[PDB]
Number of protein chains: 2
Amino acid sequence: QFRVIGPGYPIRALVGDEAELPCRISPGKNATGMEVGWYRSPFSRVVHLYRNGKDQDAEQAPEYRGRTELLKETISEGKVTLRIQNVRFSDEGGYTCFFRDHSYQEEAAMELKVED
Amino acid sequence: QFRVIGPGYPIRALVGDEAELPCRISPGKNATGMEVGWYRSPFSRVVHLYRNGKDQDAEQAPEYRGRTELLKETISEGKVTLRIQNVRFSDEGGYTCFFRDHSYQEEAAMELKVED
């Protein structure tokens, strides 16, 4: 079993630039074969979904197509970073990050603040 | 500014019984005049919404009507507890708790495990 950890305070980003949201499982372990999903909150929509070792472009909301990447230089340690390219004003708000290992899952919620 | 804290590991509950999900802001302060919202995740739906000093029954999803209470014996310390009456199998899964103070908000995500 593991808990999912994200930043406790708002992540700041400049509109037009890139924003990065960190998320990891603890205790850390290889999360390469896990499902990692990012969603908006409170009103849900798929930001990015990674499962079966690949990013699932067809499953994310149209607005995120080609604008997201799940960086994995440290996924073997249980850490991932969602990168939002060309941050939009509407990207401001809540996000939920999930890590799912078969029948078990946990998640963390976090806030993104967009500045003009 | 404050961060929102919830349990890191799954909260267990027996189907048919009551389940309780804790959530608080830190540093703690009186949250009586804040908006507190609970939602399901990843697929969103309003579990319970408290704002302007009152529980907003009309805003929660039909399935939660009359089945939820936001306990406030310690809301003055920044803590609240969502009580789900007559827990259902479908209540299993993710939940997101928000605390909103005017233009500022933060949240925490947590998991509920329902046993038969």
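Please refer to the structure higher up on the page.
Conventions adopted
- Residues numbered from 1 in each chain as written, not as in the entry; some residues may be left out.
- Chains lettered and ligands numbered in written order.
- Heavy atoms only, no water.
- Pairing = 2+ DSSP bridges.
- Helix = DSSP H or I, 4+ residues; strand = E, 2+ residues; numbered from the N terminus.
- Axes fitted to C-alpha atoms, helices over the stretch in contact; angles between N-to-C directions.
- Least-squares fit on C-alpha atoms.
- Contact = heavy atoms within 4.5 Å.
- Buried < 20%, exposed > 50% of the residue type's maximum accessible area, 1.4 Å probe, protein only.
- Polar contact = N/O pair within 3.5 Å; in protein donor to acceptor, adjacent residues only side chain to side chain.

Novice: Can you tell me about the sheet that holds strand β3 (residues 19–26) of chain B, naming the residues and giving the values?
Specialist: Residues and elements named next belong to chain B. On the basis of which strands lie adjacent, the open sheet formed by 4 strands has the order β1-β3-β8-β7 and antiparallel pairing. Looking at the sheet topology across the chains shown, the edges are occupied by β1 (3–5) and β7 (68–71). Each neighbouring strand pair of the sheet contributes to a mean axis angle of 20 degrees, computed without reference to strand direction. With 4 bridges connecting them, β7 and strand β8 (residues 79–84) associate as antiparallel partners. Of the residues in β8, the one forming a bridge with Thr68 is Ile84.

Novice: Now, about the relation of the copies chain B and chain A: what can you tell me, with residues and values included?
Specialist: Taken as rigid bodies, chain B and chain A are interconverted by a rotation of 180 degrees and an axial shift of 0.0 Å, the fit giving an RMSD of 0.0 Å. Taken together, the rotation angle and the small translation identify this as a two-fold axis. Most of the interface of chain B is mirrored in chain A, where 100% of its interface residues are also at the interface.

Novice: Tell me about the side chain of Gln56 of chain B, residues and numbers included.
Specialist: All names here are of chain B. Summarising the element assignment, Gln56 is placed in the loop between β6 (54–55) and β7. Among the residues examined, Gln56 registers a relative accessible area of 17% and is labelled buried. For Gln56, the side chain forms a polar contact with the main-chain oxygen of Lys54, separated by 3.1 Å. Beyond its immediate sequence surroundings of up to four residues, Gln56 is in contact with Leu49 and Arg51.

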